[PDB]
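Working notes for the structure below.
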Amino acid sequence: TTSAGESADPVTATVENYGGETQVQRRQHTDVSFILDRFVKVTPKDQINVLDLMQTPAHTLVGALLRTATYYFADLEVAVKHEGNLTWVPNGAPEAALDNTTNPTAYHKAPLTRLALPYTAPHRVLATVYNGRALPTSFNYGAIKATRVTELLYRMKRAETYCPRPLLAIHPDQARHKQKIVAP
Amino acid sequence: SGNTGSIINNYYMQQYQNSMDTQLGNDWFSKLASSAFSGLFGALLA
Amino acid sequence: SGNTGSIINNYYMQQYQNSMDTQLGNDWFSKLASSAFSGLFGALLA
Amino acid sequence: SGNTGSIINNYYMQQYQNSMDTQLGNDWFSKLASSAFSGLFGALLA
Amino acid sequence: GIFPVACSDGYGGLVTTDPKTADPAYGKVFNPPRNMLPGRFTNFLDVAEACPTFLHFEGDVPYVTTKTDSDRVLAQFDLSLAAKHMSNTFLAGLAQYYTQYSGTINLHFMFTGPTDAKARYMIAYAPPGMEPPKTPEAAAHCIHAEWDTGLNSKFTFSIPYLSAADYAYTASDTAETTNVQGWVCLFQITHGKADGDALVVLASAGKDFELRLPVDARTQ
Amino acid sequence: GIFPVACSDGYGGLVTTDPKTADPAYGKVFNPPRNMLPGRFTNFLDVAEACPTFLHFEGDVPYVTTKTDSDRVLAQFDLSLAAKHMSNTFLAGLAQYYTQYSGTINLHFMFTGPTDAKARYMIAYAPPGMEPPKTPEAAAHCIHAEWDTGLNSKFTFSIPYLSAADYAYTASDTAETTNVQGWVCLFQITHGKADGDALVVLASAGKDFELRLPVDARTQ
Amino acid sequence: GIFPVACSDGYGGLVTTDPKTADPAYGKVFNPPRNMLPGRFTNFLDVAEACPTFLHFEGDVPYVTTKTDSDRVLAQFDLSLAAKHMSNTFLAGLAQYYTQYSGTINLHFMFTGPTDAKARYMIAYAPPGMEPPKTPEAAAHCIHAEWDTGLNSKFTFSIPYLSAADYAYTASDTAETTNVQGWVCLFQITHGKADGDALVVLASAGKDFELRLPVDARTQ
């Protein structure tokens, strides 16, 4: 399938061309909303932890895919294996704001914490990269604190980014990167 | 939205699970994907 | 009444959750709020 | 499929319990079983 | 047998907001009557909007006296709830409890001086990116308005809702000394035997006003 | 009394994918607007397919220069995602996260040299069972095609989905050095004053393409 | 509040057969195609019935050679699955897994010798209460039948389902040496130059056959 190339209009090609047929693919899995809903366990750095995302390992699935689309929106579903009582506090709310039991001060059970989390930014949308290590103080989905937090996971929800970014991986060396799969 | 195969209204009301997306007044990437010709700039033979 | 997003009749009967408000025989602050003119005591120009 | 006597939709959605068998386009052992004659290659007497 | 059940971990552990309700164990209580009871209300931006308050000030007094020099600026400060003069007012005596907001707020003016005291004032409103003026001349370049004492005294000017994000915070930091919302600034034209008069400014919620995201955090 | 219940063991113990949802404890939140916002998308094989990428290469450069000897082979390597040149590309910069796949992938060609540089190339595609050629002559026996520079520059060839199982893996082992999917190999016919030119090859997802079974496992 | 519940003791503690199903935590998987795939089946008494097997024997060989003396009895043994000759056969290579049964089983006969080898056999079937014969003469008093080699070779005789209880076990004890189901016994009339021939007997499930109550218990 020839064409003009310095025009970059999408100009694909497919099987049929020289022969063969083309199939009915079921990409359900490469569905952006689908493969971003599944918790990421980031290090709950002490107790006073901010519900940021660029804290997460930029190498995990929900992390990586995260770092590939500039803009985005979604909600939150957390997890907190921990000690004491998780007293979350909204966005913008004073660091200190997170302490009063009246605030959503969850009461421990066994063993972590599964709760829902609205996306509460004053901006109509958020991003992993603000051209404005150096990204905005309104870029936080609330903020938690208990009295010792051991497990921090963020199941992003109702996902939906916008615009794209670069996707690369494991620089091999033999034109074919070798790594033991699952064998009998 | 990922993995929500609950048969119920996930109990807790609508205006409760997630935060409601107020309106105003692949979206586009699918728009520039579903338009790539597999034609030929000459004329097939044989 | 604050945060009651239960989809059921909160199980326990009506005459049980709260205490029934017997009658007899913003109410007002909304009455003196929804009546503030943004007019002009002269006449707009330009 | 063995021992599934649940009266409900086993809660979790269809496309969730097992993996959906995409089509394309005793099956046979029952075919060669249900065809064995108990006749006689001669002719019954008495 | 009986309906199986998954004693699911993590669902139900007491939440200071938990949507569901608790169990009732007395019931069948018929209360007194609450018929047409005086001055009720059910929204705090209803009374905020519905009944303004004056502003604390230098010294403490609410009013302000006509400068009789070139120094005209009668007011000037951070356009945010942190605003000391507001920090006590009714609208400010609550925005504490809500992380963000949007909308418009109002500034009502009044005179109190003699009839032999005809005077003129100004109201400038500059934004973030520059420091406020000190010369109505330089200021007449923001979104403003001019007025002069008359028969009717009061006057309420609504100040605009301008910000990148449709929102922004009520709190503040020594990072926001550049304020994400501006430095509204009131001045003073000229006057007559109208020096030392009282131009008290109050504050209500304009119609555009809105307030969200409840945050409680130690306040007296 | 009340409905009995079987506190069933093993049902509900937190799963990093658990179908059900958690509990909400704030609710009644009206967000900003997300109307017709620029360049959205919701599928990664949509942008993969929709916006190709060039390939890393010997040295690093993407392009390739016309051999001026019998050694014609301009390319050649393992037909799998492990493919170093691909391992970075957009389609490869993700197939990491999915154990298997099927479908077709594309190889777009381009020239950059002068108009006084008329040239000819080739694209062979052999399978598993034999080692790739080095002579378009021996290669003209696989499923191929021939082309030559012209007015229109680009050209995208779709390479076939052939494998016993309708699938196979994206990963690889020192057991699969015989690759379960082939060794695609590009060559070079003849040319004219067209030596040392740039024939950059990119990669998108063909229509036949598909990707499944999410697998996350340390990748930077 | 919320729906009360009785955390009932004893209901839900894992059962290697538990009727209900577990929880799914991946979902949305579209498999390959299983269209009209060769020789399927879904019942083991379908292939049992549908494809017989020969019987192990003294020595091991399946067949049997024509006695050339008064000793005619070509076979004889315990009419039960424990039957060594059967214990390996297809129907027996499974009844292991089912405590009881009922129904009918079949015994197919075949010759292999020359055409100059015309021969005659017999099939007696006695029950529990007496020991099997050794003289077709004494045996002709059970429920039997006589046949002789011809054009068509094979022949399958169905042996009757007789027992007090409509059932009885597949296993056995040194208490049941009197067997609750009989001692089927095959003999040999007369013959001609038909001594030392091969009369191989196989076994399938008759139509009356049935098998129930799954029991797994160490078997190699």
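Quick note on naming: the chains in the structure tokens go A, B, ... in the order shown, residues restart at 1 in each chain, and ligands are numbered from 1 in order of appearance.
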
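Set the cut-off at 6 Å, count only C-alpha atoms, and the residues of chain C near chain E turn out to be residues 3, 4, 5, 6, 15, 16, 17, 19, 20, 21, 22, 23, 24, 26, 27, 28, 29 and 33 of chain C.
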
Writing out the chosen residues with N, CA and C atoms as a PDB file, in the first residue's frame:
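Wrote it out as selection_36.pdb, contents follow:
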```
ATOM      1  N   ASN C   3     -26.353  12.220  54.840  1.00  0.00           N
ATOM      2  CA  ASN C   3     -25.656  11.189  54.090  1.00  0.00           C
ATOM      3  C   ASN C   3     -26.399   9.859  54.206  1.00  0.00           C
ATOM      4  N   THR C   4     -27.581   9.776  53.594  1.00  0.00           N
ATOM      5  CA  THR C   4     -28.380   8.543  53.608  1.00  0.00           C
ATOM      6  C   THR C   4     -28.655   8.067  52.181  1.00  0.00           C
ATOM      7  N   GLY C   5     -27.698   7.314  51.633  1.00  0.00           N
ATOM      8  CA  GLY C   5     -27.807   6.794  50.278  1.00  0.00           C
ATOM      9  C   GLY C   5     -28.089   5.305  50.210  1.00  0.00           C
ATOM     10  N   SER C   6     -28.917   4.836  51.137  1.00  0.00           N
ATOM     11  CA  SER C   6     -29.301   3.434  51.210  1.00  0.00           C
ATOM     12  C   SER C   6     -30.381   3.228  50.149  1.00  0.00           C
ATOM     13  N   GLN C  15     -41.660   4.205  61.824  1.00  0.00           N
ATOM     14  CA  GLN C  15     -41.864   4.668  63.199  1.00  0.00           C
ATOM     15  C   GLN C  15     -40.778   4.126  64.115  1.00  0.00           C
ATOM     16  N   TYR C  16     -39.594   3.880  63.558  1.00  0.00           N
ATOM     17  CA  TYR C  16     -38.483   3.344  64.336  1.00  0.00           C
ATOM     18  C   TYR C  16     -37.135   4.040  64.231  1.00  0.00           C
ATOM     19  N   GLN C  17     -36.722   4.410  63.022  1.00  0.00           N
ATOM     20  CA  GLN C  17     -35.439   5.085  62.864  1.00  0.00           C
ATOM     21  C   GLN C  17     -35.514   6.374  63.681  1.00  0.00           C
ATOM     22  N   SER C  19     -37.866   9.777  65.346  1.00  0.00           N
ATOM     23  CA  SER C  19     -39.102  10.042  66.086  1.00  0.00           C
ATOM     24  C   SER C  19     -40.038  10.933  65.265  1.00  0.00           C
ATOM     25  N   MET C  20     -41.241  10.429  64.977  1.00  0.00           N
ATOM     26  CA  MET C  20     -42.235  11.119  64.140  1.00  0.00           C
ATOM     27  C   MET C  20     -42.731  12.512  64.555  1.00  0.00           C
ATOM     28  N   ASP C  21     -42.457  13.503  63.694  1.00  0.00           N
ATOM     29  CA  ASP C  21     -42.814  14.925  63.895  1.00  0.00           C
ATOM     30  C   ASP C  21     -44.321  15.288  63.844  1.00  0.00           C
ATOM     31  N   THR C  22     -45.035  15.044  64.933  1.00  0.00           N
ATOM     32  CA  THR C  22     -46.451  15.383  64.976  1.00  0.00           C
ATOM     33  C   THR C  22     -46.659  16.860  64.604  1.00  0.00           C
ATOM     34  N   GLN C  23     -47.628  17.075  63.717  1.00  0.00           N
ATOM     35  CA  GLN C  23     -48.010  18.395  63.202  1.00  0.00           C
ATOM     36  C   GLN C  23     -48.906  19.141  64.228  1.00  0.00           C
ATOM     37  N   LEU C  24     -49.569  20.223  63.812  1.00  0.00           N
ATOM     38  CA  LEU C  24     -50.433  20.987  64.725  1.00  0.00           C
ATOM     39  C   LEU C  24     -51.417  21.901  63.977  1.00  0.00           C
ATOM     40  N   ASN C  26     -35.080  26.821  52.726  1.00  0.00           N
ATOM     41  CA  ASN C  26     -35.134  27.638  53.933  1.00  0.00           C
ATOM     42  C   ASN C  26     -36.520  28.245  54.109  1.00  0.00           C
ATOM     43  N   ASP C  27     -37.291  27.681  55.037  1.00  0.00           N
ATOM     44  CA  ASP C  27     -38.622  28.171  55.339  1.00  0.00           C
ATOM     45  C   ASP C  27     -38.581  29.675  55.072  1.00  0.00           C
ATOM     46  N   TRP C  28     -38.059  30.453  56.027  1.00  0.00           N
ATOM     47  CA  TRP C  28     -37.991  31.912  55.889  1.00  0.00           C
ATOM     48  C   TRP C  28     -36.705  32.587  55.350  1.00  0.00           C
ATOM     49  N   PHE C  29     -35.532  32.149  55.795  1.00  0.00           N
ATOM     50  CA  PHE C  29     -34.279  32.762  55.333  1.00  0.00           C
ATOM     51  C   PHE C  29     -34.118  32.698  53.825  1.00  0.00           C
ATOM     52  N   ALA C  33     -33.987  36.060  50.919  1.00  0.00           N
ATOM     53  CA  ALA C  33     -32.744  35.893  50.171  1.00  0.00           C
ATOM     54  C   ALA C  33     -33.063  35.986  48.691  1.00  0.00           C
TER      55      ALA C  33
END
```

Item to complete: Just need the residues of chain A within 6 Å of chain B, counting only C-alpha atoms, so spit them out as a PyMOL selection string.
Response: chain A and resi 1+10-13+33-34+37+118+158

Worksheet item: What are the DSSP alpha helix (DSSP H) residues of chain E, as a list in words?
Response: residues 44, 45, 46, 47, 48, 49, 50, 136, 137, 138 and 139 of chain E

Compile a residue-level contact table for chain G against chain E at a cut-off of 12 Å, reporting for every qualifying residue the shortest atom pair and its distance in Å to one decimal, with only C-alpha atoms counted, rows ordered by chain and ascending number, as a Markdown table.
```
| residue | atom | partner | partner_atom | distance |
| --- | --- | --- | --- | --- |
| G:1 | CA | E:22 | CA | 4.3 |
| G:2 | CA | E:21 | CA | 7.1 |
| G:3 | CA | E:23 | CA | 9.7 |
| G:4 | CA | E:23 | CA | 9.5 |
| G:5 | CA | E:5 | CA | 10.3 |
| G:6 | CA | E:2 | CA | 10.6 |
| G:7 | CA | E:7 | CA | 9.2 |
| G:8 | CA | E:2 | CA | 9.2 |
| G:9 | CA | E:2 | CA | 11.4 |
| G:10 | CA | E:2 | CA | 10.9 |
| G:11 | CA | E:4 | CA | 7.5 |
| G:12 | CA | E:4 | CA | 6.6 |
| G:13 | CA | E:4 | CA | 10.3 |
| G:14 | CA | E:4 | CA | 11.4 |
| G:18 | CA | E:4 | CA | 10.9 |
| G:19 | CA | E:4 | CA | 10.6 |
| G:20 | CA | E:4 | CA | 8.3 |
| G:21 | CA | E:4 | CA | 10.5 |
| G:22 | CA | E:6 | CA | 9.9 |
| G:23 | CA | E:6 | CA | 9.6 |
```

Just the selected residues (N, CA and C atoms), exported as a PDB file, in the first residue's frame, please.
```pdb
ATOM      1  N   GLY G   1     -31.682   1.216  59.527  1.00  0.00           N
ATOM      2  CA  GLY G   1     -30.281   0.682  59.467  1.00  0.00           C
ATOM      3  C   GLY G   1     -29.968  -0.254  58.307  1.00  0.00           C
ATOM      4  N   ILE G   2     -29.565  -1.478  58.637  1.00  0.00           N
ATOM      5  CA  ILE G   2     -29.237  -2.470  57.616  1.00  0.00           C
ATOM      6  C   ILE G   2     -29.869  -3.829  57.954  1.00  0.00           C
ATOM      7  N   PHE G   3     -29.984  -4.682  56.944  1.00  0.00           N
ATOM      8  CA  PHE G   3     -30.564  -6.011  57.093  1.00  0.00           C
ATOM      9  C   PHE G   3     -29.764  -6.889  58.071  1.00  0.00           C
ATOM     10  N   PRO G   4     -30.379  -7.290  59.214  1.00  0.00           N
ATOM     11  CA  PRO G   4     -29.676  -8.130  60.195  1.00  0.00           C
ATOM     12  C   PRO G   4     -29.277  -9.446  59.532  1.00  0.00           C
ATOM     13  N   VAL G   5     -28.438 -10.226  60.197  1.00  0.00           N
ATOM     14  CA  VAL G   5     -27.994 -11.471  59.604  1.00  0.00           C
ATOM     15  C   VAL G   5     -27.525 -12.383  60.696  1.00  0.00           C
ATOM     16  N   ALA G   6     -27.797 -13.676  60.522  1.00  0.00           N
ATOM     17  CA  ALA G   6     -27.401 -14.726  61.469  1.00  0.00           C
ATOM     18  C   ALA G   6     -26.151 -15.446  60.933  1.00  0.00           C
ATOM     19  N   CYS G   7     -24.975 -15.038  61.410  1.00  0.00           N
ATOM     20  CA  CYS G   7     -23.700 -15.620  60.981  1.00  0.00           C
ATOM     21  C   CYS G   7     -23.590 -17.134  61.207  1.00  0.00           C
ATOM     22  N   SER G   8     -24.722 -17.824  61.063  1.00  0.00           N
ATOM     23  CA  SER G   8     -24.870 -19.276  61.237  1.00  0.00           C
ATOM     24  C   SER G   8     -23.578 -20.103  61.261  1.00  0.00           C
ATOM     25  N   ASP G   9     -23.411 -20.889  62.325  1.00  0.00           N
ATOM     26  CA  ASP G   9     -22.235 -21.748  62.480  1.00  0.00           C
ATOM     27  C   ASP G   9     -22.403 -23.001  61.603  1.00  0.00           C
ATOM     28  N   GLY G  10     -21.297 -23.493  61.047  1.00  0.00           N
ATOM     29  CA  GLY G  10     -21.336 -24.703  60.239  1.00  0.00           C
ATOM     30  C   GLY G  10     -21.783 -24.670  58.785  1.00  0.00           C
ATOM     31  N   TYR G  11     -22.097 -23.495  58.251  1.00  0.00           N
ATOM     32  CA  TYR G  11     -22.530 -23.407  56.856  1.00  0.00           C
ATOM     33  C   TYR G  11     -21.544 -22.649  55.970  1.00  0.00           C
ATOM     34  N   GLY G  12     -20.792 -23.380  55.149  1.00  0.00           N
ATOM     35  CA  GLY G  12     -19.848 -22.730  54.249  1.00  0.00           C
ATOM     36  C   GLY G  12     -18.399 -23.182  54.307  1.00  0.00           C
ATOM     37  N   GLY G  13     -18.092 -24.075  55.244  1.00  0.00           N
ATOM     38  CA  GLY G  13     -16.730 -24.558  55.404  1.00  0.00           C
ATOM     39  C   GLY G  13     -16.168 -25.511  54.360  1.00  0.00           C
ATOM     40  N   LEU G  14     -15.787 -24.966  53.209  1.00  0.00           N
ATOM     41  CA  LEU G  14     -15.187 -25.720  52.102  1.00  0.00           C
ATOM     42  C   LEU G  14     -15.531 -27.202  51.911  1.00  0.00           C
ATOM     43  N   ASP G  18     -18.716 -28.854  46.920  1.00  0.00           N
ATOM     44  CA  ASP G  18     -19.569 -27.707  47.183  1.00  0.00           C
ATOM     45  C   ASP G  18     -20.268 -27.332  45.880  1.00  0.00           C
ATOM     46  N   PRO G  19     -21.617 -27.270  45.920  1.00  0.00           N
ATOM     47  CA  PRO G  19     -22.508 -26.943  44.800  1.00  0.00           C
ATOM     48  C   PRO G  19     -22.231 -25.575  44.183  1.00  0.00           C
ATOM     49  N   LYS G  20     -22.101 -24.570  45.040  1.00  0.00           N
ATOM     50  CA  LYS G  20     -21.856 -23.209  44.580  1.00  0.00           C
ATOM     51  C   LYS G  20     -20.533 -23.077  43.857  1.00  0.00           C
ATOM     52  N   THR G  21     -20.304 -21.899  43.286  1.00  0.00           N
ATOM     53  CA  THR G  21     -19.061 -21.624  42.580  1.00  0.00           C
ATOM     54  C   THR G  21     -18.255 -20.556  43.327  1.00  0.00           C
ATOM     55  N   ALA G  22     -16.974 -20.432  42.978  1.00  0.00           N
ATOM     56  CA  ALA G  22     -16.077 -19.456  43.602  1.00  0.00           C
ATOM     57  C   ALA G  22     -16.168 -18.095  42.922  1.00  0.00           C
ATOM     58  N   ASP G  23     -15.260 -17.194  43.273  1.00  0.00           N
ATOM     59  CA  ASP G  23     -15.282 -15.882  42.662  1.00  0.00           C
ATOM     60  C   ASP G  23     -14.312 -15.766  41.503  1.00  0.00           C
TER      61      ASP G  23
END
```

Worksheet entry | Nearby residues (only C-alpha atoms) at most 7 Å from residue 167 (chain G), same-chain spacing under 4 positions excluded, as a PyMOL selection string | chain G and resi 100-102+163

Item to complete: Find the residues near residue 203 (chain F): any atom within 7 Å, counting only C-alpha atoms, skip ones fewer than 4 places away on the same chain, and give them as a PyMOL selection string.
Response: chain F and resi 52-54+105-108

The selected residues should be written to file as a PDB file, in the first residue's frame (atoms: N, CA and C atoms).
```pdb
ATOM      1  N   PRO F  52       1.931   5.124  13.969  1.00  0.00           N
ATOM      2  CA  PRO F  52       3.157   4.328  13.972  1.00  0.00           C
ATOM      3  C   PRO F  52       4.390   5.034  14.567  1.00  0.00           C
ATOM      4  N   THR F  53       5.486   4.285  14.647  1.00  0.00           N
ATOM      5  CA  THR F  53       6.767   4.752  15.180  1.00  0.00           C
ATOM      6  C   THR F  53       7.908   4.123  14.354  1.00  0.00           C
ATOM      7  N   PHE F  54       9.070   4.775  14.309  1.00  0.00           N
ATOM      8  CA  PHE F  54      10.215   4.256  13.545  1.00  0.00           C
ATOM      9  C   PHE F  54      10.890   3.178  14.374  1.00  0.00           C
ATOM     10  N   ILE F 105       1.074  -6.787  11.897  1.00  0.00           N
ATOM     11  CA  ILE F 105       1.783  -5.551  12.201  1.00  0.00           C
ATOM     12  C   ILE F 105       2.299  -5.007  10.876  1.00  0.00           C
ATOM     13  N   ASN F 106       2.522  -3.701  10.816  1.00  0.00           N
ATOM     14  CA  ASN F 106       2.946  -3.089   9.572  1.00  0.00           C
ATOM     15  C   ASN F 106       4.340  -2.468   9.532  1.00  0.00           C
ATOM     16  N   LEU F 107       4.947  -2.500   8.348  1.00  0.00           N
ATOM     17  CA  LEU F 107       6.269  -1.916   8.133  1.00  0.00           C
ATOM     18  C   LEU F 107       6.257  -0.853   7.009  1.00  0.00           C
ATOM     19  N   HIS F 108       6.173   0.422   7.409  1.00  0.00           N
ATOM     20  CA  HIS F 108       6.132   1.564   6.483  1.00  0.00           C
ATOM     21  C   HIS F 108       7.537   2.031   6.009  1.00  0.00           C
TER      22      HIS F 108
END
```

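For chain D, the residues having at least one atom no farther than 7 Å from chain B, when counting only C-alpha atoms, are residues 11, 12 and 13 of chain D.
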
Quick one: which chain A residues come within 6 Å of chain F, and what is the nearest atom pair for each with the distance in Å to one decimal, counting only C-alpha atoms, rows ordered by chain and ascending number, as JSON lines?
```
{"residue": "A:1", "atom": "CA", "partner": "F:156", "partner_atom": "CA", "distance": 5.4}
{"residue": "A:2", "atom": "CA", "partner": "F:155", "partner_atom": "CA", "distance": 3.8}
{"residue": "A:3", "atom": "CA", "partner": "F:154", "partner_atom": "CA", "distance": 5.3}
{"residue": "A:4", "atom": "CA", "partner": "F:152", "partner_atom": "CA", "distance": 4.4}
{"residue": "A:5", "atom": "CA", "partner": "F:154", "partner_atom": "CA", "distance": 4.2}
{"residue": "A:13", "atom": "CA", "partner": "F:158", "partner_atom": "CA", "distance": 5.7}
{"residue": "A:14", "atom": "CA", "partner": "F:158", "partner_atom": "CA", "distance": 4.9}
{"residue": "A:15", "atom": "CA", "partner": "F:158", "partner_atom": "CA", "distance": 5.8}
{"residue": "A:22", "atom": "CA", "partner": "F:208", "partner_atom": "CA", "distance": 5.3}
{"residue": "A:23", "atom": "CA", "partner": "F:208", "partner_atom": "CA", "distance": 5.1}
{"residue": "A:25", "atom": "CA", "partner": "F:210", "partner_atom": "CA", "distance": 5.1}
{"residue": "A:27", "atom": "CA", "partner": "F:210", "partner_atom": "CA", "distance": 5.3}
{"residue": "A:29", "atom": "CA", "partner": "F:212", "partner_atom": "CA", "distance": 5.3}
{"residue": "A:30", "atom": "CA", "partner": "F:43", "partner_atom": "CA", "distance": 5.4}
{"residue": "A:31", "atom": "CA", "partner": "F:43", "partner_atom": "CA", "distance": 4.3}
{"residue": "A:32", "atom": "CA", "partner": "F:43", "partner_atom": "CA", "distance": 4.7}
{"residue": "A:38", "atom": "CA", "partner": "F:17", "partner_atom": "CA", "distance": 4.8}
{"residue": "A:39", "atom": "CA", "partner": "F:16", "partner_atom": "CA", "distance": 5.7}
{"residue": "A:59", "atom": "CA", "partner": "F:219", "partner_atom": "CA", "distance": 5.1}
{"residue": "A:61", "atom": "CA", "partner": "F:216", "partner_atom": "CA", "distance": 5.2}
{"residue": "A:114", "atom": "CA", "partner": "F:22", "partner_atom": "CA", "distance": 5.9}
{"residue": "A:115", "atom": "CA", "partner": "F:23", "partner_atom": "CA", "distance": 5.0}
{"residue": "A:116", "atom": "CA", "partner": "F:24", "partner_atom": "CA", "distance": 4.4}
{"residue": "A:124", "atom": "CA", "partner": "F:32", "partner_atom": "CA", "distance": 4.6}
{"residue": "A:162", "atom": "CA", "partner": "F:40", "partner_atom": "CA", "distance": 3.7}
{"residue": "A:163", "atom": "CA", "partner": "F:39", "partner_atom": "CA", "distance": 4.8}
{"residue": "A:167", "atom": "CA", "partner": "F:93", "partner_atom": "CA", "distance": 4.3}
{"residue": "A:168", "atom": "CA", "partner": "F:88", "partner_atom": "CA", "distance": 3.6}
{"residue": "A:169", "atom": "CA", "partner": "F:93", "partner_atom": "CA", "distance": 5.0}
{"residue": "A:170", "atom": "CA", "partner": "F:220", "partner_atom": "CA", "distance": 5.7}
{"residue": "A:172", "atom": "CA", "partner": "F:84", "partner_atom": "CA", "distance": 5.8}
{"residue": "A:175", "atom": "CA", "partner": "F:84", "partner_atom": "CA", "distance": 4.1}
{"residue": "A:176", "atom": "CA", "partner": "F:82", "partner_atom": "CA", "distance": 4.4}
{"residue": "A:177", "atom": "CA", "partner": "F:82", "partner_atom": "CA", "distance": 5.2}
{"residue": "A:178", "atom": "CA", "partner": "F:173", "partner_atom": "CA", "distance": 4.6}
{"residue": "A:179", "atom": "CA", "partner": "F:173", "partner_atom": "CA", "distance": 5.6}
{"residue": "A:180", "atom": "CA", "partner": "F:173", "partner_atom": "CA", "distance": 5.9}
```

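Interatomic distance, CA of residue 110 (chain A) against CA of residue 156 (chain A): 23.0 Å.
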
Fill in: Point-to-point distance in Å for CA of residue 92 (chain A) and CA of residue 123 (chain A)
11.8 Å

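Between CA of residue 30 (chain C) and CA of residue 201 (chain E) the separation is 23.5 Å.
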
Item to complete: Taking the DSSP assignment computed from this structure's backbone, write out as number ranges by chain all residues of chain F that belong to strand (DSSP E).
Response: F: 53-54, 98-102, 105-108, 120-126, 145-148, 156-159, 183-187, 202-205, 210-214
